[PDB]
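Visitor: Residue numbers (the entry's author numbering), protein chains in the order written: chain n, 1 to 96; chain r, 1 to 84; chain x, 2 to 89; chain t, 23 to 137. Yeah, the Cβ is synthetic: ideal placement off N, Cα and C, and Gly gets one too.
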Amino acid sequence: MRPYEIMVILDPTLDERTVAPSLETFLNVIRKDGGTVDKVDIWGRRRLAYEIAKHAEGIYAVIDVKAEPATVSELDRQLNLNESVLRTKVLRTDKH
Amino acid sequence: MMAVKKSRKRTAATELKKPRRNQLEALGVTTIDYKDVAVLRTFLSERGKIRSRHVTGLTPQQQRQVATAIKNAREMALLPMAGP
Amino acid sequence: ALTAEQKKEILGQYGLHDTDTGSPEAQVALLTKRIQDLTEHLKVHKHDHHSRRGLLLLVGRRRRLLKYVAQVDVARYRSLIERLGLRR
Amino acid sequence: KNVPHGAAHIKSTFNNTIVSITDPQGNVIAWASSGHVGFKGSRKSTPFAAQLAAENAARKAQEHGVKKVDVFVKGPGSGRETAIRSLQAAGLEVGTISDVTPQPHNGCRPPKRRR
RNA sequence: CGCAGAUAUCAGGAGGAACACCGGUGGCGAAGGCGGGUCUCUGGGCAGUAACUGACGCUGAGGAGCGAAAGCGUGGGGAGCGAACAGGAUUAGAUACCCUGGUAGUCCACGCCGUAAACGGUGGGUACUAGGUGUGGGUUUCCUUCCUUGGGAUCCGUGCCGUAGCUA
Numbered sequence: 001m002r003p004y005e006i007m008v009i010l011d012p013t014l015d016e017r018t019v020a021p022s023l024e025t026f027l028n029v030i031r032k033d034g035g036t037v038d039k040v041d042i043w044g045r046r047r048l049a050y051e052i053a054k055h056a057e058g059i060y061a062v063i064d065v066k067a068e069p070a071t072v073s074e075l076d077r078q079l080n081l082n083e084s085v086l087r088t089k090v091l092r093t094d095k096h
Numbered sequence: 001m002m003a004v005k006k007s008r009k010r011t012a013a014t015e016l017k018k019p020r021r022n023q024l025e026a027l028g029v030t031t032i033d034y035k036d037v038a039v040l041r042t043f044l045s046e047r048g049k050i051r052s053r054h055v056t057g058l059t060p061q062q063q064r065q066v067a068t069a070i071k072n073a074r075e076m077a078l079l080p081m082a083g084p
Numbered sequence: 002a003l004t005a006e007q008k009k010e011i012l013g014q015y016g017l018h019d020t021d022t023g024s025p026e027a028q029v030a031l032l033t034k035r036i037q038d039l040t041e042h043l044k045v046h047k048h049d050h051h052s053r054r055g056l057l058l059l060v061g062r063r064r065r066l067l068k069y070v071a072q073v074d075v076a077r078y079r080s081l082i083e084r085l086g087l088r089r
Numbered sequence: 023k024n025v026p027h028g029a030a031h032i033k034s035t036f037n038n039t040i041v042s043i044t045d046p047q048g049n050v051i052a053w054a055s056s057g058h059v060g061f062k063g064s065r066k067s068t069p070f071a072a073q074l075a076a077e078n079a080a081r082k083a084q085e086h087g088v089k090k091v092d093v094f095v096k097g098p099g100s101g102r103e104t105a106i107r108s109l110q111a112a113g114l115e116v117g118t119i120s121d122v123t124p125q126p127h128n129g130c131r132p133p134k135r136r137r
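(1) Could you name the residues of chain r that n:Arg31 contacts, counting a contact when the two beta carbons are closer than 9 angstroms?
(2) Report, in whole angstroms, the separation of the C-beta atoms of r:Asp33 and r:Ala82, which I expect to be a contact under 8 angstroms.
(3) Classify x:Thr20 as helix, strand or coil using the three-state DSSP reduction.
(4) When the Cα atoms are used, what is the spatial distance from x:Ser52 to x:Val29?
(5) Below 9 angstroms on C-beta distance, what does n:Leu14 contact in chain r?
(6) Could you tell me which residues DSSP pairs with t:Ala30 in its beta bridges?
(7) Find out if the Cβ-Cβ distance for the pair r:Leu58, r:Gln23 is shorter than 9 angstroms.
(8) Are the segment 10-26 of chain n and the segment 51-62 of chain n touching by the rule of at least three beta carbon pairs closer than 8 angstroms?
(9) Write down the C-beta distance between t:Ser100 and t:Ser67 rounded to the nearest angstrom, noting that I regard them as a contact closer than 8 angstroms.
(10) Please list, in chain order, the chain n residues whose beta carbon lies closer than 8 angstroms to that of r:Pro80.
(11) Within 8 angstroms, do at least three Cβ pairs link the segment 23-33 of chain n to the segment 63-79 of chain n?
(12) I want to verify the contact list: residues of chain n whose CB lies under 8 angstroms from the CB of r:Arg74, in sequence order.
(13) With 9 angstroms set as the bound, which would you pick, yes or no: does the beta-carbon of r:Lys49 sit closer than that to a beta-carbon of chain n?
(14) Once the 5 residues before and after r:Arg64 are set aside, which same chain residues still bring their CB inside 8 angstroms of it?
(15) Check the Cβ-Cβ distances between r:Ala67 and every residue of chain n, and say whether any is below 9 angstroms.
(16) Checking contacts by CB at 9 angstroms: is r:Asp36 closer than that to chain n?
(17) What separation, rounded to the nearest whole angstrom, lies between the Cα atoms of n:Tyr4 and t:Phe36?
(18) Going along the chain, which residues of its own chain have a beta-carbon closer than 6 angstroms to the beta-carbon of n:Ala61, five neighbours each way excluded?
(19) Using a Cβ-Cβ distance cut-off of 9 angstroms, determine whether r:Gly28 contacts chain n.
(20) Considering only C-alpha positions, which residue in the set n:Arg87, n:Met1 and n:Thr36 is nearest to r:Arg74?
(21) Quick one: what's got a C-beta closer than 6 angstroms to t:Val59's C-beta in the same chain, skipping five residues either side?
(22) Taking all protein chains shown into account, decide if x:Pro25 is buried (16 or more other Cβ within 10 angstroms of its Cβ) or exposed.
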């Protein structure tokens, strides 16, 4: 299947104690499609370049999914419709 | 010890100079993403604009992936653009 | 798009032997695959003129090959047409 | 009321120059302009007119209780640095200096060419 | 336009086109022409091996298809710009350049027309025919640290100088 580098930014009102599973709740839908080996990092509370909705910092995270395009676009649809994300983005790890 | 050019004492050296420089590929650079702000911001001006190849030294391949990652970084706000 | 395994399929079925690549039969089969795939692309993307030009070119070379094959032997020409289901 | 420190917005263009004071929050206290000093027409782009405008606005600021002032300069200014020097003479401490000039990232269309 | 509280300034919100630096004798495309970013679908191009088929090639009357901007039709949308139009102003008079306002139109979808300084003003294709010169792409031996506009040699694409030769 295809690899990606899904970036996500969330509000600081959440907490590190609860960051990781919030992603997992979404990611399970991919996990039950392709045995999708994931390699996830969490680093937040980082100052931004410019305020989004009166926020100085955000919660960064990098979810290296190895899955299919339908599934990643569906995941993006879910992530954006969620009420907490400030932003998100999906770069392809392969040549394009 | 020697001139900047015409130094037949040594091998034709692997040196970078005022006209010539190949700054990403050669050294000082780990991996080319928007996520690594520190390697990227070195290739900018003081005020947030972007440098030129004829001053830096890069090839268009390298300069354009640089610009790409810079611009993605500006959209994820890792790196500043200029605004009030 | 045309993957190496699709190429393996075509070169195994219509390819004379498991190695030939330049033969008219194999080349026509690959081009016909490519052309039906691209036609289905155009069903949706109606304005991809840069792709329709490539289509016309590949069709040109395909008719060239069919015509060469007919010059050589009409038997193999028509048997190829019959096997691919094509009309011309 | 009264305020000890503020900023000063200095809009300098081809046909006029208006220099106002403000708190750092954006609320203005007293402003002055080149046509308001008395000049008229095209007389009010020369930097002497900006000296005069900045002078009156700074003395109003003193009358309100301002001592230290930032500066935010905006536009093509015949008398930018003229105005700044006259401000710094007429009873003010120039804290911070900036070139805040609104540039668009190739946005809306500009008008045509003149002749 | 204001004096009914403008311009200026500051927070928020609405909005719809164009993407500063990267960006240039610079890349892609047959040509027109193409640059905010990410994804998806697709196309041609160059190089290396040159395994493979064995002259299938070149052109092309007609014909079909593509084709800037303006203009046409139906719907939506319209911030800025702006023909027409209105007013001020210079003027011999100014239906014009200047200023202030501003409609269609420019914008998206889908059907049209089929024109341009659509210009390298050089139709296409193949080969021979001094070099020097930057610059882009991929191979590769030599000084090799072997990290390099290293240099050499080959392939393609690109701009300047220059003999023969050609030209009014």
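Guide: Put simply:
(1) In chain order: nothing, as chain r lies at least about 24 angstroms away.
(2) Incorrect: roughly 22 angstroms between the Cβ atoms, too far for contact.
(3) coil
(4) 19 angstroms
(5) Per Cβ cutoff of 9 angstroms: no residues; n:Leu14 is ~18 angstroms from chain r at best.
(6) t:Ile43 and t:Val93
(7) yes
(8) yes
(9) 5 angstroms
(10) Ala49 and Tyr50
(11) yes
(12) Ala49
(13) no
(14) none
(15) no
(16) no
(17) 53 angstroms
(18) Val8 and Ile42
(19) no
(20) n:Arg87
(21) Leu74 and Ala75
(22) buried
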